[PDB]
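Everything on this sheet refers to the single structure shown next.
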Amino acid sequence: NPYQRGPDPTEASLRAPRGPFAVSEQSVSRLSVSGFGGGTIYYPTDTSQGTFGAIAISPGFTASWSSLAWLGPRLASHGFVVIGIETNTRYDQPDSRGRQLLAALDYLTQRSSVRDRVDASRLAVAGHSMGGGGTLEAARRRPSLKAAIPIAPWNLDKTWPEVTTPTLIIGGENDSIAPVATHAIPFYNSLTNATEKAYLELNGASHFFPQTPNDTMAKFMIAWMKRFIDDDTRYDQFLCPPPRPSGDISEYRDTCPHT
């Protein structure tokens with residue numbers, strides 16, 4: 001596998017604050033950019049290992065990138081390029097958030113200083129709340145995307161049969177802002193055309209679980225990104241067979257096996 005990066009994973013390294021790769025960050029101004037409000041780019045410092053896949057991450061309603069900023073160095077340290085975006089306006093709806101995520105992936109691959117590092121063919125989207133609804137809208141508009149990770153997603157549109165991208169939805173059991181019964185689970189069941197999908201429900205988690213570092217969220221986010229952006233079968237272990245409910249995991253749904 002030419003896309004394979006890093007040593008054979010361990011559970012502890014997945015929960016660890018940093019993966020093996022050293023990371024560097026580049027700021028992006030709102031004025032220097034078209035289609036979104038700017039953001040921050042996190043990348044592996046090591047030129048030698050090879051080009052790396054990339055993920056664009058969007059915050060929710062009224063929030064800035066800093067509300068999810070811990071994800072940038074954590075994900076990138078495992079061998080990915082991350083662009084965390086600021087929105088055009090803080091009142092942007094999920095549909096607008098999805099198009100801005102796509103514009104951020106365009107800026108990163110086409111114009112950014114780190115474009116040579118990124119493999120433009122292997123890209124993904126993630127987001128929190130309306131940003132989570134946005135990653136579904138981005139996956140709808142760009143089926144070439146390799147992975148999609150809505151986190152506590154919020155969207156009025158409940159039906160997503162157009163998505164073919166492997167999608168992992170992460171929900172909080174006790175979420176009252178975007179309740180999983182009305183948002184996350186309807187999204188999951190409607191993804192009748194996703195090549196693979198999974199639903200991860202975090203035990204006793206409020207809507208704001210992504211605003212703080214959470215090892216279980218990071219572990220499955222990294223394993224999904226490795227499996228589908230990098231085609232890395234070494235990480236399928238955590239995804240399949242499916243995890244059973246535990247201290248952090250109240251419920252898990254999946255489409256195992258991953259063929």
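Coordinate-derived values only; no laboratory data. Heads up, the Cβs are rebuilt from the backbone with ideal geometry, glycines too, and the neighbour counts pull from every protein chain shown.
Quick notes on this one:
- Sum of -39500 (n - 2.57) over DSSP H runs of 4+, divided by residues of the chain (222 nm, nearest 500): -7500 deg cm²/dmol
- Antiparallel DSSP beta bridges within the chain, percent to nearest 5: 40
- Counting charges near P179 (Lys, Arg +1; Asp, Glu -1) among other residues having Cβ under 12 Å from its Cβ returns a value of -3.
- Computed over segment 86-181, the ratio Rg/Rh where both radii use C-alpha atoms and Rh is Kirkwood: 0.99
- Spread of Cα-to-Cα distances over 10 Å intervals beginning at zero, given as percent, for the chain: 8, 35, 40, 16, 1
- Net charge contributed by nearby residues that have their C-beta within less than 12 Å of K146 (K/R +1, D/E -1): -1
- Ranked list, fewest to most other Cβ atoms within 10 Å of each Cβ, for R97, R115: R115, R97
- Residues in segment 166-199 that a label on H258 would reach, taking backbone N under 16 Å of a point 7 Å out along Cα→Cβ: 166-170, 194-199
- Each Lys and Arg adds +1 at its Cβ and each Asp and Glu adds -1 at its Cβ; summed about the Cα centre, the chain shows a dipole of about 420 debye.
- Normalised by 2.2 N^0.38 Å, where N is the number of residues, the alpha-carbon radius of gyration of segment 67-134 equals 1.11.
- Between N193 and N1, the distance separating the two model label sites (each 7 Å from Cα on the Cα→Cβ line) works out to 2.7 nm.
- Each residue of segment 34-50 is assigned a 3J(HN,Hα), and the resulting list reads 10, x, 7, x, x, x, 10, 10, 10, 9, x, 5, 5, 5, 4, 4, x Hz, derived from the Karplus form 6.51 cos²θ - 1.76 cosθ + 1.60 (θ = phi - 60°), x at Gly and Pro.
- Our estimate of slack between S27 and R15, defined as 0.36 nm per intervening residue step minus the Cα-Cα distance, is 1.7 nm.
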